[PDB]
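The next block holds one structure in the form of structure tokens; read it before the comments.
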Amino acid sequence: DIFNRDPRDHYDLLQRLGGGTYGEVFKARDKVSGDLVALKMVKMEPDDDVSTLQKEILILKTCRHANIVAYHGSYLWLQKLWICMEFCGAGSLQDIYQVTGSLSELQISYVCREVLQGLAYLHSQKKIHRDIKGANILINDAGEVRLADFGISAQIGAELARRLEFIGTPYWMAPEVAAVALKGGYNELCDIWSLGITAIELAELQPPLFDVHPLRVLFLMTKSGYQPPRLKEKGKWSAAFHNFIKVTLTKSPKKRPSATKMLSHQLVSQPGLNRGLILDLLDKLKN
Ligand SMILES: Cn1cnc2c(-c3cnc(Nc4ccc(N5CCOCC5)cc4)c(C(N)=O)n3)cccc21
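End of the sequence shown = 293 in the authors' numbering, gap-free, step of one.
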């Protein structure tokens, strides 16, 4: 399950794909088969013991869904944990929309249906993703949509920095999460709000209030009179898209619909939503 060797023994490391609080991701090629993979490297600390690593690796290996990037294996070498996973050729939806411009309503509908399928699985497994945003939803060359990981709980190494990162960038978090370090707590329905913000992000190239200082956003979003965000151009979008934003962005978590409930919403249960819509989007990259 966890190899005691340098990942360089089995893989040719190619370009750095990106990074963040979750670690550094590299594109790699299997030396024998020639197949491409992604390797995420995380620096281990004196508290990351192998018993805890073993426990978290078994969860990484058993949490499997078609809409979540598949785990392939792992290596622990010179205080660095490397996680081998499926390679998503087109990168994240953020990498895509920062070239193509805004996604169409149908493209957003398909992405939301695919993400809701992933979230419904994670929630049935008593997990909360807590990291839904365009940069964390990956696309392969076939137009398939996959969550980069199962969220903040998939983090082995530097978990606290990743868990607290939203405080400096809270734009995608539900009001109940933004009320950090207060009595409230939250549940899996915070993921539904984050999916609603993400649908705005794909339509507008940034989440609502992205230009506002993160500490002012935390302050406003948790005020009693906070009005949940809306799409900026009423006319460009249909009544179904406006309603999907209205219900996913319900301020009270006790009134917000579940991932399974959202899967029957008119926007995501409509005919013709398939990977072909994202193949059309990836063709825009060529020009
Ligand atoms: C939280 N979080 C966010 N991202 C991840 C990832 C992660 C990140 N990037 C990936 N690939 C990738 C990135 C960029 C591009 N370019 C294409 C051409 O335009 C420029 C961008 C291509 C592929 C992959 C993967 N599996 O392939 N995974 C892994 C783990 C956690 C994560």
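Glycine included, every Cβ here is placed at the ideal spot set by N, Cα and C.
Item: By DSSP's criteria, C69 is part of a beta bridge. Which residues make up the other side?; Value: Looking at the DSSP assignment, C69 forms no beta bridge with any residue, so it has no partner.
Item: State the Cα-Cα distance for the pair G282 and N293, rounded to the nearest angstrom.; Value: 18 Å
Item: Under a Cβ-count criterion, where at least 16 other Cβ atoms within 10 Å of its own Cβ denotes burial, should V274 be classed as buried or exposed?; Value: buried
Item: Measuring alpha carbon to alpha carbon, tell me which residue in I206, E150, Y116, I8 is nearest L64.; Value: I8
Item: Taking 6 Å as the cut-off, does the CB of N293 come closer than this to any heavy atom belonging to ligand 1?; Value: no
Item: Three or more beta-carbon pairs under 8 Å between the stretch 138-153 and the stretch 88-103, yes or no?; Value: yes
Item: If we ignore side chains and look at the alpha-carbon of each, how far apart do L109 and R11 end up?; Value: 43 Å
Item: Closest by CA to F156, which one among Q131, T254, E150?; Value: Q131
Item: Do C90 and ligand 1 come close, with the Cβ less than 6 Å from some heavy atom?; Value: no
Item: Please list the terminal residues of the continuous alpha helix (DSSP H) segment that includes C196.; Value: 196-210
Item: Among the residues of its own chain, which have a CB less than 7 Å from the CB of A167, if the five just before and after it don't count?; Value: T27
Item: Among residues of its own chain, excluding the 5 on either side of residue 5, which ones have a beta-carbon nearer than 6 Å to its beta-carbon?; Value: Residue 5 is absent from the model: the chain starts at 7 and stops at 293.
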